[PDB]
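Protein chains in written order, with full-length UniProt numbering: chain A, 98 to 145; chain B, 118 to 372, 382 to 483; chain C, 4 to 228, 267 to 316; chain D, 4 to 160, 176 to 316; chain E, 50 to 97.
To start, the structure itself, in structure tokens.
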């Protein structure tokens, strides 16, 4: 049922670690990420 | 396999009651465009409002005369071929057939305000061809009538557009089939004048012969049926109409030394005018004489003042060795000679070819 | 029945989608006929030649050299169309009027590039392309329209060239059809398309007529009571034939209305038949 | 769909029937259209005008006069051909390229007699006749060839550059009765393309020559032209007359209108009209000589 | 919002949906100090 797909979509979710250091600078913060991706359509043909 | 066209209109030029099923019906453009074209295309010197005089009296002798100017969609759209055939019956060669059709269309119609209507239309066309407003761009073509419904002075008709003639079902007559019917006055086949074999496929055309003189103009309407080619019909018609062509070339316009360019360009030692002075600083003493030529051409026959015919393809007949039949039958309360065409496929775009030679 | 499917692009703004959906019965023009195509063939970008945007002469030539089709329906993710090409039996073909003049029954349809005013068209700034639509006009008016626009151009050129103008005139040019006048180009200012798209056209149309009605006189001096003389005739014949083939008139559609209003106005959609 | 069935003569040799079967997608002409016909009308003998093989200018007119047809699948006995001219639906039509030049998509096809080297044509020694086939070239080449042939005829009473290769024309004009018809039909249009409007166009010549400079475009328009280029520096063109009724008339309108119709009629009267358009589906963009393409009716 | 169609003007047989093709995430790992080879460079101890 692909002929009526009308732009399906997929998504991701990742998070990165952090290091504990102390000195003359601000502290860190755990950050999260979010992405998203679309689809692309193409066909094939042959004669007879 | 075929298509139909419907349209409602006033019944002062067309009567779907008396007209036989299968006759030709034409339509007209808005009359308001005639004056806008006449006042800009009228020949120099001629009066441009004689057409307006001839046109106003037409609707003055027609029902609902207070309905001209807005074009709301309730005007006399369509008309019949026999109507124009009777309006110009005094110009066809077949004297008796012309006048018979004329009296028939007079009697079968109201017969009270019909003769006046006809003469108004007559000089209406006469004034139409007076300022080069030729009535071959204002008269279109519809197919043969197929069905109609009328209640009073207003009718809804439907006709074929293109395709086989006997592929429809009129479904209220005796049979469900109809064939093309034409008055014998307009029919004019050219191959039997040109003396060639009449076998195979033949095309159908409508011609509009024009006569241009002083206070005497004429316009007929002929339905030609010939096997000649699409464009070769023009060369064929001129051979038969060679008289009117020459008459128009001399009576069409009723309202200087050469120059030897090639001679003085083939020989040197002529006054030259190099680009250095046309640059545009003193471009009068440079071109002081350079020649004189004293030349002007104002009054000369244009290709539009010598036109004498305008034709257009309508349909073909694939069946070889056509057998068109002519006979007299009752039309209302009178008998008229009609020609019956069978198996004619309509088609072709409405493009007019003008024979100005 | 032959149909074309134009692929709708992804990530299109909703205002643009609605503007596209609004243009239902409009004529697009395809270079090579194929079941699947892209928006680059429909956009103006495919029409311009020699880098520069197309001219009126170029557009007139492209309208002959290129095939036509009509948009049938718009889907939120797809776009369809039907050709007026080889033999396809398109059922229920309808067209939307784009010209300011009206249309009636039994009128034949022909195509033109926009000359009267600025062309109205859709333009996607996200993808960055515009889709111009050709003007649809009856047959009996196109010759007059072309003649009048070329005459206006040549009159402007003459008034500029002559040291003094011959202004004395009849007022303003008008085009009347079905008892409705148009009154084009009232003001003298606003030279929007005076020499923007008809420049080369008016140049060539002046040159050919000059050549013709000078060569006749040069050949026969009886009319008014080192030199090739033959390549000139050859070139004139060639140029005249090519210009006449360019400025042709070929009907493409016929307005056939059944059980509907006869006269139609700019903006209404009418069912037509393939000639 | 209309089809005309050509009856091949009997007793035909195998070599000749093979040579005919080779001819599959070519154009032929019929003087009169009918479902059943013979080989004599296709034969070149039917082109004879008085008693002899025709001339180039006579073929140029016979092509307009005659109906056209396209051959299709041939069987050993009969010969099948479909019609073109009369409006008739034909699905899947094709033509074989007979001209030395190449064709591409969206090209209008014309018809001209063989102007290049001796035309290839099937000859039947047993029957005693030959069948020449007309050539098919695009519109631009057609117009150029017609212009050059008319100029050569005028001179009597040729190289062409297309796709960077030079072709030579050898024209045949051993007849004379048909040569003056071209002159007559040229001069008629030349005379009818003149009216009261040319005066302004001729007076607009000095500003045209001026605009030629500092343009870079009009120069090419000027170089190919000779009449105006010579007259702008040789004639004075008296200034101007008045108009009879200038209060409601427009005199530069007819000179620009009538010329359009004149030019549209000239290209068809001097030579032949367009007959087809090439539009191949799922095929190559360009076609080489001898190959077949799918074309649509004009 | 109000509208009514004459008899039947399409615009109804236009099933066009959107599909989600699943999600993907990640789980980070944890590194311990003693598991590293650097622990043999010092002697660590806890002093509350």
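Ideal Cβ placement from N, Cα and C applies to all residues, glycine included.
Query: In terms of residue numbering, what span does the alpha helix (DSSP H) encompassing residue 287 of chain D cover?; Result: 270–288
Query: Just mark residue 151 of chain B as buried or exposed, buried being the case when its beta carbon has 16 or more other beta carbons within 10 Å.; Result: buried
Query: Measure from the alpha carbon of residue 66 of chain E to the alpha carbon of each residue in A:134, A:106 and A:120, then state which is nearest.; Result: A:106
Query: What does residue 27 of chain E reach in chain C if we use C-beta pairs closer than 7 Å?; Result: Absent from the structure is residue 27 of chain E, since the part of chain E shown begins at 50 and ends at 97.
Query: Hey, which unbroken runs of the beta strand (DSSP E) at 3 residues or more fall wholly within the segment 137–176 of chain C?; Result: 138–141
Query: Under 7 Å Cβ-Cβ, which residues of chain D neighbour residue 2 of chain C?; Result: Because chain C here runs from 4 to 316, residue 2 of chain C falls outside it and cannot be looked at.
Query: Would you mind working out which of B:459, B:357, B:293 and B:421 sits nearest residue 312 of chain B, comparing C-alpha positions?; Result: B:357
Query: Using C-beta distances below 6 Å, list every residue in its chain close to residue 334 of chain B, excluding the 5 sequence neighbours before and after it, in chain order.; Result: 243, 246 and 328
Query: Tell me whether the segment 134–151 of chain C and the segment 20–39 of chain D touch, counting them as touching only if at least three CB pairs, one residue from each stretch, are closer than 8 Å.; Result: no
Query: By Cβ distance below 6 Å, which residues in the same chain neighbour residue 199 of chain C in space, the five residues on each side in sequence not counted?; Result: none
Query: Output the boundary residues of the beta strand (DSSP E) element that contains residue 319 of chain B.; Result: 319–324
Query: Please classify residue 272 of chain B as buried or exposed, where buried requires at least 16 neighbouring CB atoms within 10 angstroms.; Result: buried
Query: Can you find a CB in chain A that lies within less than 8 Å of the CB of residue 82 of chain E?; Result: no
Query: In chain order, what residues of the same chain have a beta carbon less than 7 Å from the beta carbon of residue 252 of chain C, not counting five sequence neighbours either side?; Result: Regarding the residue in question, residue 252 of chain C is not represented: chain C runs 228 and then 267, omitting everything in between.
Query: Short of 6 Å in beta carbon distance, which residues of its chain neighbour residue 468 of chain B, apart from the five on each side in sequence? Order them along the chain.; Result: 296
Query: List the residues of chain A that residue 70 of chain E touches, going by C-beta distances under 8 Å, in chain order.; Result: 105, 106, 107 and 136
Query: Whose Cβ in chain C lies nearer than 8 Å to the Cβ of residue 63 of chain E?; Result: 78 and 79
Query: Excluding the 5 residues flanking residue 112 of chain A on each side, which residues of the same chain have their C-beta closer than 8 Å to its C-beta?; Result: 127, 128, 129 and 130
Query: For a cutoff of 8 Å on Cβ pairs, would you count residue 54 of chain C as touching chain A?; Result: no
Query: May I ask you to list, following chain order, the residues of the segment 277–302 of chain C that have a beta carbon less than 7 Å from some beta carbon of chain D?; Result: 278, 279, 281, 282, 283, 284, 285, 286, 288 and 289
Query: Excluding the five sequence neighbours on either side, which residues of its own chain have a C-beta within less than 6 Å of the C-beta of residue 97 of chain C, listed in chain order?; Result: 28, 310 and 312
Query: For residue 82 of chain C, which three-state DSSP category applies?; Result: strand
Query: Which runs of the alpha helix (DSSP H) at least 4 residues long sit entirely within the segment 124–180 of chain B? Give them in chain order.; Result: 149–158 and 167–177
Query: Which residue from C:58, C:88, C:41 and C:16 puts its Cα closest to that of residue 299 of chain D?; Result: C:88
Query: Can you list the alpha helix (DSSP H) stretches of 4 or more residues lying completely in the segment 223–255 of chain D, in chain order?; Result: 223–230, 236–242 and 245–249
Query: Classify residue 204 of chain B: buried if its beta carbon has 16 or more other beta carbons within 10 angstroms, exposed otherwise.; Result: buried
Query: Restricting to Cα atoms, I'd like to know which of C:16, C:82 and C:18 is closest to residue 8 of chain C.; Result: C:82
Query: How many angstroms separate the CA atom of residue 52 of chain E from the CA atom of residue 202 of chain C?; Result: 49 Å
Query: Indicate whether at least one CB of chain B lies closer than 8 Å to the CB of residue 145 of chain D.; Result: no
Query: Within the continuous alpha helix (DSSP H) that includes residue 368 of chain B, where are the two ends?; Result: 359–368
Query: Determine contact between the segment 460–478 of chain B and the segment 244–254 of chain D, defined as no fewer than three beta-carbon pairs at a distance below 8 Å.; Result: no
Query: Taking C-alpha atoms, which residue in D:119, D:127, D:70 and D:214 lies nearest to residue 21 of chain D?; Result: D:127
Query: Mind pulling the chain C residues with CB within less than 9 Å of residue 266 of chain D?; Result: 173 and 174
Query: Under 7 Å Cβ-Cβ, which residues of chain D neighbour residue 197 of chain C?; Result: Residues of chain D passing the Cβ test: none, with the nearest at roughly 15 Å.
Query: Measure from the alpha carbon of residue 112 of chain C to the alpha carbon of each residue in C:305, C:292 and C:212, then state which is nearest.; Result: C:292
Query: Hey, residue 105 of chain C and residue 305 of chain C are a contact pair by Cβ (cut 8 Å); roughly how many whole angstroms apart?; Result: 6 Å
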